[PDB]
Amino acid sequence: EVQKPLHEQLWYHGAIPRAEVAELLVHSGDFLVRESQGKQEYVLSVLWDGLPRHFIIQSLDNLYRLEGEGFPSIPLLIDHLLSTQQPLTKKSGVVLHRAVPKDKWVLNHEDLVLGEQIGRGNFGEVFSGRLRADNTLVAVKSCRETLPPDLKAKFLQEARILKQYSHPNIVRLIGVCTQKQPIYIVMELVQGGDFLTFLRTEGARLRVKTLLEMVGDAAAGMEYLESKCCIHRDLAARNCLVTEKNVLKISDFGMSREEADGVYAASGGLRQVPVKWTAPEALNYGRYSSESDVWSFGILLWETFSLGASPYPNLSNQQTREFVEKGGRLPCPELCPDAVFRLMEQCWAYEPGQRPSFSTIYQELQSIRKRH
């Protein structure tokens, strides 16, 4: 193990952000080695006094050192530090205890070949791609480095959330490319593309039973997320994907948050918030919950039965907020069955407590589908 090159080491995390480093180091003396992207130097990061401390690994004459003896490799230096329990510096008194290994999701850049751009996300371009070992087709999310540091720190959040999930109607994570820059999140490629485009393109061809089945799939995904205490915050037709077999999967988890007690209080600082899909209390007071996702689901129902129409077309975001406060809601689409519209109206109840649960939504849609 110690003989292996640094890049192969389990405790070498390459280009992971400082914010990810803080997540990984749990106990005193927990440590990892990484490459500092800015300075192009290796860094030993260690938890001491409750906070990560970052030591620059010096290199001279092909020997790696801190303030003591030098070694011909960084793994030999780490082994010396761990085995002797010598403080990394006399001044700091930091002593290594446990090497924090990469998880199973970390992926090498070499494993992946990037293809054509397939869309644009808030963090940057999404590309199609290929895993070289088996020809598995993937979607690859990128993060533009010119984004503000506060926001870039949020990019890996979607991967951290999705690592936990497995469901037929939730997009599947494949891995995270964080050993070098540029950083990528890698997911299964969903062949049919986004649901909004599907609705607009397939259009008059789609049967009501088919639409009910697809939104039923979305309700199943949302029920599963609610069960995991996940609040998606960006549910919309454009953020649902369609498989080659017309199964719908929820995707685009960049804004999603896990809250044990069911409420996420927004920073207030979000840019490009999808105002037309967002519940009033979430905009007004920053209160996000499964109930605010339910409001979004009502908009998704509207998008589905209007075959991809844009909501509140004649209103600005601010005008939409004012319109909704006055009791305004979207009109019933022609193709929308009366029962679906009644459910849609319940989803848009002003008080979040009055809105139906995702289980109720799934069951009601399923029951409607059986008579269509």
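When you see a residue number, it is the position in the sequence shown, counting from 1.
Higher mean CA temperature factor, per the PDB entry, when comparing 17 to 25 with 348 to 356: 17 to 25. Note on 37 to 45 vs 51 to 59: mean CA B-factor is higher in 37 to 45. Note on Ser142, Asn169, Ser267, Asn284: the highest value goes to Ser267, judged by CA B factor as recorded. Which of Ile118, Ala204, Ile299, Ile185 has the largest Cα B-factor in the deposited entry comes down to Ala204. Ranked within its chain, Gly221 lands in the middle third, by CA B factor from the PDB record.
When the modelled residues of the chain are ordered by C-alpha B-factor, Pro149 sits in the highest third.
In the PDB entry, a CA B factor belonging to the highest third of its chain's modelled residues is recorded for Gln272.
When the modelled residues of the chain are ordered by their C-alpha B factor, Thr243 lands in the lowest third. Among all modelled residues in its chain, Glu158 ranks in the middle third by Cα B-factor.
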